[PDB]
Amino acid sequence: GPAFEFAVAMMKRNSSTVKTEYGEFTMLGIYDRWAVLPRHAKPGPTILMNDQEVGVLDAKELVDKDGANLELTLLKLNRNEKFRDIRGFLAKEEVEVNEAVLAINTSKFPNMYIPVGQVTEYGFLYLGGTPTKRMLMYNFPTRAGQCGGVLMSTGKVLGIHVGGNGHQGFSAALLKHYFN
């Protein structure tokens, strides 16, 4: 009920559709000129953001202390406009919930809102052959074109959707401390 409304306001104000040479993704802007994509989107020095080319000034593929893949890329956009700062809405650690929304917004799947149910701390996953950490698992989404989707509960952004197999979907935890 409310999760949906929180999710619409977030996507309206902070999401965009991105095309890289590797596909189409939902992208979430975080603050200033910093946004987040799944690592596998591999953004280059320019991306198409809502149909417009936008320069990327820097791109950081996140890894943990020991260098384990976190499957997220932080990108700094070469644009004058700043994002509305949503760092306050970010989870401080991996979050488990009984109900969450996955929000996806691309030209192929516009304005898609999926109630994904129980979200659990899956932890380590061999995702597309790559050892990955801080995975959140949920049942029931799981097609190409949905990566970058934003996983949310009321008033919190939990993760960014990165992978899946069968009826299972996986988000990279989107943690407050990643930003700065």
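Note that residue numbering follows the sequence shown and begins at 1.
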Quiz item: Between 45-53 and 115-123, which has the higher average C-alpha B-factor in the PDB entry?
Solution: 45-53
Self-check item: Of 19-27 and 152-160, the stretch whose C-alpha atoms average the higher B-factor in the entry
Solution: 19-27
Quiz item: Taking the entry's C-alpha B-factors for this chain, is residue 101 in the lowest, middle or highest third?
Solution: lowest
Quiz item: Lowest, middle or highest third: where is residue 33 by C-alpha B factor in its chain?
Solution: lowest
Self-check item: Third assignment of residue 76 from its chain's C-alpha B-factors
Solution: middle
Practice problem: Looking at the entry's B-factor column for C-alpha atoms only, identify whether residue 70 ranks in the lowest, middle or highest third of its chain. | Solution: middle
Quiz item: Against its chain's modelled residues, does residue 90's Cα B factor rank lowest, middle or highest third?
Solution: middle
